[PDB]
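One structure is given below, encoded as structure tokens.
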Amino acid sequence: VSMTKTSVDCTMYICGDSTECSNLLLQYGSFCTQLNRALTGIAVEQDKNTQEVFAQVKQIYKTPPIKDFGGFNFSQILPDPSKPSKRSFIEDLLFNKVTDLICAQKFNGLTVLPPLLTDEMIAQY
Amino acid sequence: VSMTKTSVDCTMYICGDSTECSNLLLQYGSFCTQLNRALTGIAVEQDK
Amino acid sequence: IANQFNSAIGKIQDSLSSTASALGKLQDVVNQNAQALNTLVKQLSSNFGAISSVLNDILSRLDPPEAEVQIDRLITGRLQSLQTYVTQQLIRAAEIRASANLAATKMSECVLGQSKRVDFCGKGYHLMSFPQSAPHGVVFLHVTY
Amino acid sequence: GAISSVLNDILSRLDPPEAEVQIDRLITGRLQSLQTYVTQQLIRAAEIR
Amino acid sequence: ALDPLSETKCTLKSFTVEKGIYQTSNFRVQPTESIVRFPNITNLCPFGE
Amino acid sequence: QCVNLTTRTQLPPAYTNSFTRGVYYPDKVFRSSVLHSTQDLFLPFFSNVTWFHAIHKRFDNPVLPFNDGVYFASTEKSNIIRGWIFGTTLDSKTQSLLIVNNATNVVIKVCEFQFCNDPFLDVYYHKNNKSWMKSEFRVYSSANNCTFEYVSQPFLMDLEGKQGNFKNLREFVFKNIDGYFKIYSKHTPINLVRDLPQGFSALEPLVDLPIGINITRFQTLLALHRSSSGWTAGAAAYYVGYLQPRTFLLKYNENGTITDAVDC
Amino acid sequence: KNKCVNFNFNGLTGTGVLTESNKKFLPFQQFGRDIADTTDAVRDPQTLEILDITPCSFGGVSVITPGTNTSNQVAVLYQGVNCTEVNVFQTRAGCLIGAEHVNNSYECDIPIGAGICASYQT
């Protein structure tokens with residue numbers, strides 16, 4: 001659904017810590033501007049993917065305190081309140097099997113933007 | 001459904017029969033190595 | 001019907017914990033982003049035909065007019081390299097958005113409602129679907145007859 | 001932009017340093033043409049999918 | 001450069017700023033002072049002698 | 001000097017295969033938890049290396065070409081090897097680099113040396129009072145026109161003759177690039193009988209010698225003893241190899257030490 | 001140390017924050033590098049220490065303001081950096097100045113990030 005959010009700076013990426021290099025970059029016109037706005041739009045679309053997929057409802061539904069479903073065990077699929085971060089037993093595995101690095105890239109000139117919707121809120125949906 | 005599979009070699013196509021010409025291609029980095037994976041991915045999608 | 005479902009969910013937990021390759025669909029998204037970012041950084045080290053790939057070197061060595069010629073070569077290549085990255089991200093952005101729309105369609109039909117579509121919600125007659133959160137994606141457990 | 005479109009012709013006429021200047025226009029032109037082909041394949045591949 | 005609101009107007013090329021968030025600039029920390037560290041002067045020729 | 005030894009006997013140049021040898025730290029750049037691909041002059045894996053040894057009736061001190069670079073691996077008990085001499089003609093006709101140990105420190109200098117057919121450092125009349133001191137110097141008669149002089153850390157070489165299996169391993173790399181002579185050194189103990197052990201070793205720099213002379217050949221200086229044609233040399237084995245421009249994958253651990261290498 | 005400076009060590013130059021780390025270099029390797037072939041650390045040519053080089057803080061600057069007809073109030077937001085220069089608060093997205101923090105939850109209006117949104121209200 002969601003893809004990594006990245007924001008690149010065409011001013012810093014092309015010319016590191018250089019005044020003369022940045023001045024000559026202006027002769028190329030909007031090439032820089034376009035490359036920044038392009039990635040900006042994608043980062044916005046990546047958040048829309050979570051809005052059009054994860055949340056299909058405007059209300060929060062909860063399970064009853066007493067669980068009798070007629071002999072069916074949903075405990076594995078449902079969130080366990082005993083865990084510090086709300087997740088089910090299936091989601092617990094989904095999080096461990098799928099894999100700071102983003103901070104090192106942020107200082108290298110490649111900005112990793114945090115998503116609008118947190119993983120905890122996704123679990124609530 | 002399926003598209004014709006074509007694998008282009010940026011090492012053979014760019015510089016024909018030239019060692020010196022190919023030497024200048026190394027200065028461009030992955031541009032050749034990168035284009036090879038782009039075409040390879042399309043060939044894999046054709047089978048899926 | 002209870003011994004079948006409860007036993008089925010048990011198989012999902014065992015298969016999910018034992019098999020780590022079933023999620024490769026999501027791992028590929030992280031790999032594609034990691035490779036694109038790694039390559040994007042490594043292109044800065046290349047000289048792009050210039051005498052040197054470092055700006056401070058050509059400024060402290062070559063004459064003012066000679067540096068401008070070299071700065072043009074470095075900017076030209078670094079610009080093209082960044083254009084290649086963006087071009088690839090927009091294309092891949094169309095693939096992820098297409099997959100997201102499919103997840104939205106299945107979410108409404110398979111989970112929220114009940115769909116009679118053939119093999120859209122999974123093999124067999126679709127009964128109910130239980131969504132599950134996964135990093136950079138979503139997982140659907142489809143109960144079929 | 002090069003004097004000739006053949007690599008063996010420029011290599012056997014202009015000097016190695018001068019040929020590189022012409023070879024730069026040959027590679028730069030072929031790269032733009034090669035990337036244009038790959039870019040179209042990715043777009044055409046999306047329509048096929 | 002008067003106010004951050006004007007930066008938004010200039011970024012949008014319009015005097016009407018709709019409700020929302022927009023990126024008007026990029027923040028960067030400049031160096032405070034220059035640091036120079038070189039090794040010892042050891043292996044000296046005794047010119048004083 | 002020009003007089004050959006009495007017991008010295010020639011042998012055919014037998015060969016043996018080295019497995020992982022030829023791996024060294026490329027430069028001063030430190031890296032950890034990463035896999036780097038380095039292309040430089042290396043000793044290919046499973047490549048045949050020359051088989052030489054020196055004993056009391058076969059004594060090997062030939063002349064071997066240096067080319068661009070060479071790999072060296074040997075095992076010592078009494079430390080027969082004094083050092084090495086490098087140069088084009090290995091004579092006073094031009095400049096020659098000499099890396100040797102006098103039992104005080106490691107002397108490194110470049111001069112014009114008088115060439116000898118069989119250079120070495122001999123000693124005689126051991127018996128009781130084991131001696132082993134510098135007396136007769138057969139390496140070169142005289143030297144002059146010195147363009148370089150250097151003195152490394154002090155070391156005391158024990159030349160006392162020993163018996164049994166080889167308890168030490170010394171692997172060196174000798175190369176010259178862009179007029180800069182580079183040298184690598186690794187010292188580790190090993191239990192060895194013949195041929196070579198199976199294992200991995202990370203070669204480390206030793207000294208930086210910006211000499212910048214042409215070296216087409218080299219010799220291995222050895223120490224001789226007797227209890228000079230009738231003088232012998234202790235049991236030792238050394239190997240020589242040629243370096244090629246090969247690419248290795250150097251795997252750096254968390255501490256930065258190379259765990260393993262692979263030739264593409 | 002612990003400041004953004006322009007450092008020159010032997011023949012190496014650069015701008016970044018110098019922080020002493022616990023890394024241990026090989027005695028014959030003075031300068032280190034990361035997986036990207038960019039120096040992440042260095043060894044002081046004089047004293048014996050290992051200095052981790054972290055590039056100085058930088059990031060985008062965002063402006064949070066309602067419609068022009070609504071009001072001229074402005075709230076500046078920094079991306080990927082905490083409050084340095086400088087209602088000064090910190091979020092997971094970065095430093096947010098010019099806004100008040102309300103524990104009560106409301107429907108998102110102006111998105112910020114990490115499950116936080118801004119709006120113009122009482």
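By convention here, the chains of the structure tokens are called A, B, ... in the order presented, each chain's residues are numbered starting at 1, and ligands are numbered starting at 1 in the order presented.
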Write out as a count of residues only each polymer residue whose atoms come within 9 Å of residue 16 in chain B, counting only C-alpha atoms; drop sequence neighbours fewer than 6 positions from it. 4
Residues of chain E classed as helix (DSSP H, G or I) by DSSP on the backbone are to be reported as a ChimeraX atom specification. /E:4-12
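Residues in contact with range 4-9 of chain A at up to 6 Å, not including ones fewer than 3 positions away on its chain and judged by only C-alpha atoms, are residues 12, 13, 43, 110, 111, 112 and 113 of chain A.
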Selected residues written out with C-alpha atoms, as a PDB file, in the first residue's frame:
```
ATOM      1  CA  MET A  12      22.089  20.515  -1.840  1.00  0.00           C
ATOM      2  CA  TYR A  13      22.279  17.205  -3.728  1.00  0.00           C
ATOM      3  CA  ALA A  43       4.977  11.804  -0.839  1.00  0.00           C
ATOM      4  CA  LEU A 110      18.104  12.396   1.407  1.00  0.00           C
ATOM      5  CA  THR A 111      15.220  13.279   3.723  1.00  0.00           C
ATOM      6  CA  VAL A 112      12.973  10.462   4.962  1.00  0.00           C
ATOM      7  CA  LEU A 113       9.602  12.000   5.815  1.00  0.00           C
TER       8      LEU A 113
END
```
Selection: 7 Å around residue 115 in chain C, only C-alpha atoms, excl. self and same-chain fewer than 4 positions, as a ChimeraX atom specification: /C:109-110,126
Just list the residues in chain A DSSP gives strand (DSSP E) on the backbone, as a list in words.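 For chain A, the strand (DSSP E) set is residues 6, 7, 8, 110, 111 and 112 of chain A.
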Using N, CA, C and O atoms, can you write the selected residues to a file as a PDB file, in the first residue's frame?
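The new file result.pdb reads:
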```
ATOM      1  N   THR A   6      10.208  10.094   0.567  1.00  0.00           N
ATOM      2  CA  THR A   6      11.536  10.672   0.402  1.00  0.00           C
ATOM      3  C   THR A   6      11.403  12.063  -0.199  1.00  0.00           C
ATOM      4  O   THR A   6      10.607  12.274  -1.119  1.00  0.00           O
ATOM      5  N   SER A   7      12.184  13.005   0.325  1.00  0.00           N
ATOM      6  CA  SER A   7      12.225  14.375  -0.175  1.00  0.00           C
ATOM      7  C   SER A   7      13.676  14.741  -0.447  1.00  0.00           C
ATOM      8  O   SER A   7      14.491  14.787   0.481  1.00  0.00           O
ATOM      9  N   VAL A   8      13.995  15.000  -1.711  1.00  0.00           N
ATOM     10  CA  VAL A   8      15.355  15.302  -2.143  1.00  0.00           C
ATOM     11  C   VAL A   8      15.450  16.797  -2.407  1.00  0.00           C
ATOM     12  O   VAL A   8      14.499  17.406  -2.914  1.00  0.00           O
ATOM     13  N   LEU A 110      19.340  13.044   1.843  1.00  0.00           N
ATOM     14  CA  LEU A 110      18.104  12.396   1.407  1.00  0.00           C
ATOM     15  C   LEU A 110      17.171  12.337   2.611  1.00  0.00           C
ATOM     16  O   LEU A 110      17.393  11.557   3.541  1.00  0.00           O
ATOM     17  N   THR A 111      16.116  13.146   2.581  1.00  0.00           N
ATOM     18  CA  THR A 111      15.220  13.279   3.723  1.00  0.00           C
ATOM     19  C   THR A 111      14.167  12.178   3.687  1.00  0.00           C
ATOM     20  O   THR A 111      13.501  11.981   2.665  1.00  0.00           O
ATOM     21  N   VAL A 112      14.019  11.465   4.797  1.00  0.00           N
ATOM     22  CA  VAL A 112      12.973  10.462   4.962  1.00  0.00           C
ATOM     23  C   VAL A 112      11.862  11.109   5.777  1.00  0.00           C
ATOM     24  O   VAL A 112      12.044  11.414   6.961  1.00  0.00           O
TER      25      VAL A 112
END
```
Residue nearest residue 15 in chain A among C:76, C:15, C:108, C:132 (counting only C-alpha atoms):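 For residue 15 in chain A, the nearest of the given residues is C:76.
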Mind listing as a ChimeraX atom specification which residues of chain G are within 8 Å of chain E, counting only C-alpha atoms? /G:3-10,15-16,44-46,56-68,72,74,76,78,109-112
Hey, could you make a per-residue contact list for chain G against chain A with 6 Å as the cut-off, showing the nearest pair of atoms and its distance in Å to one decimal, counting only C-alpha atoms, sorted by chain and number, as a Markdown table?
```
| residue | atom | partner | partner_atom | distance |
| --- | --- | --- | --- | --- |
| G:55 | CA | A:107 | CA | 5.6 |
| G:113 | CA | A:116 | CA | 4.1 |
| G:114 | CA | A:116 | CA | 5.2 |
| G:115 | CA | A:117 | CA | 5.4 |
```
Hey, could you make a per-residue contact list for chain D against range 28-41 of chain B with 10 Å as the cut-off, showing the nearest pair of atoms and its distance in Å to one decimal, counting only C-alpha atoms, sorted by chain and number, as a tab-separated table?
```
residue	atom	partner	partner_atom	distance
D:31	CA	B:31	CA	8.5
D:34	CA	B:35	CA	8.6
D:35	CA	B:35	CA	7.6
D:37	CA	B:39	CA	10.0
D:38	CA	B:39	CA	6.9
D:39	CA	B:38	CA	9.1
D:41	CA	B:39	CA	7.9
D:42	CA	B:38	CA	8.0
```
Kindly export the residues of the current selection with C-alpha atoms, as a CSV table (one decimal), in the first residue's frame.
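The result, written out as part-v1.csv:
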```csv
chain,number,residue,atom,x,y,z
D,31,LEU,CA,22.7,7.9,-23.4
D,34,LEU,CA,19.2,4.8,-24.7
D,35,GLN,CA,17.4,6.2,-21.6
D,37,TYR,CA,14.1,3.8,-25.0
D,38,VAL,CA,14.2,2.4,-21.5
D,39,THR,CA,11.8,5.1,-20.2
D,41,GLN,CA,9.6,0.5,-22.2
D,42,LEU,CA,8.7,1.1,-18.6
```
Residues near residue 46 in chain F, anyone? I mean within 8 Å using only C-alpha atoms, not counting same-chain ones fewer than 3 positions away, as a ChimeraX atom specification. /F:17-20
Give me, as a PyMOL selection string, all polymer residues having an atom no more than 10 Å from residue 23 in chain D, counting only C-alpha atoms and skipping those fewer than 3 positions away in the same chain. (chain B and resi 15+20-21+24) or (chain D and resi 1-7+10-11+16-20+26-29)
Using only C-alpha atoms, find which residues of chain C lie within 12 Å of chain D and jot them down as a list in words. residues 48, 49, 50, 73, 76, 77, 80, 81, 83, 84, 85, 86, 87, 88, 89, 90, 91, 92, 93, 94, 95, 96, 98 and 99 of chain C
Distance of CA of residue 111 in chain C from CA of residue 47 in chain A, expressed in Å to one decimal place: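 Interatomic distance, CA of residue 47 in chain A to CA of residue 111 in chain C: 21.8 Å.
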Test item: chain B residues at most 7 Å from chain D, counting only C-alpha atoms, as an mmCIF file with N, CA, C and O atoms, in the first residue's frame:
```cif
data_model
loop_
_atom_site.group_PDB
_atom_site.id
_atom_site.type_symbol
_atom_site.label_atom_id
_atom_site.label_comp_id
_atom_site.auth_asym_id
_atom_site.auth_seq_id
_atom_site.Cartn_x
_atom_site.Cartn_y
_atom_site.Cartn_z
ATOM 1 N N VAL B 1 -1.375 -9.494 -23.545
ATOM 2 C CA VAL B 1 -0.967 -10.168 -22.317
ATOM 3 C C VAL B 1 0.538 -10.030 -22.134
ATOM 4 O O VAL B 1 1.003 -9.347 -21.214
ATOM 5 N N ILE B 14 26.628 1.140 -26.422
ATOM 6 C CA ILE B 14 27.221 2.471 -26.308
ATOM 7 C C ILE B 14 28.521 2.548 -27.099
ATOM 8 O O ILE B 14 28.668 3.369 -28.011
ATOM 9 N N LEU B 39 15.718 -3.037 -17.733
ATOM 10 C CA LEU B 39 15.214 -3.909 -18.789
ATOM 11 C C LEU B 39 15.006 -5.332 -18.290
ATOM 12 O O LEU B 39 14.087 -6.020 -18.748
ATOM 13 N N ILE B 42 11.589 -5.782 -16.658
ATOM 14 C CA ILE B 42 10.481 -5.879 -17.603
ATOM 15 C C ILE B 42 10.374 -7.295 -18.155
ATOM 16 O O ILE B 42 9.272 -7.804 -18.386
#
```
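Residues from chain G that have an atom within 12 Å of chain F, counting only C-alpha atoms, are residues 22, 23, 24, 25, 26, 27, 28, 29, 30, 31, 32, 33, 34, 35, 36, 37, 38, 39, 40, 41, 42, 43 and 50 of chain G.
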Kindly save the residues from that selection, with C-alpha atoms included, as a compact mmCIF listing (two decimals), in the first residue's frame.
```txt
# COMPACT_ATOMS: atom_id res chain seq x y z
CA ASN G 22 33.42 4.25 21.02
CA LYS G 23 34.45 3.01 17.56
CA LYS G 24 37.88 1.36 17.42
CA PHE G 25 39.89 1.89 14.24
CA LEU G 26 42.74 -0.30 13.11
CA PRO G 27 45.90 1.47 14.38
CA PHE G 28 47.04 1.88 10.75
CA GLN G 29 43.66 3.22 9.53
CA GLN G 30 43.19 6.81 10.69
CA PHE G 31 39.97 7.78 8.87
CA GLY G 32 36.82 5.69 8.49
CA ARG G 33 33.93 5.67 6.06
CA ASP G 34 30.36 4.38 5.93
CA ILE G 35 28.77 1.97 3.45
CA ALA G 36 28.16 4.94 1.12
CA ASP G 37 31.90 5.79 0.84
CA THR G 38 31.48 8.98 2.90
CA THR G 39 33.51 9.57 6.05
CA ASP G 40 31.41 8.82 9.12
CA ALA G 41 34.29 9.05 11.60
CA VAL G 42 37.90 10.15 12.05
CA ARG G 43 40.85 9.75 14.41
CA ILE G 50 37.72 8.60 17.61
```
Which of A:65, A:81, A:70, A:29 sits closest to chain C [using only C-alpha atoms]: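 Looking at the shortest contact to chain C, the residue is A:70.
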Expressed in Å to a single decimal, how great is the separation between CA of residue 170 in chain F and CA of residue 87 in chain F? 22.6 Å
I'd like the contact shell of residue 38 in chain F - 9 Å cut-off, only C-alpha atoms, skipping same-chain residues fewer than 4 positions apart - returned as a ChimeraX atom specification. /F:26,246-250
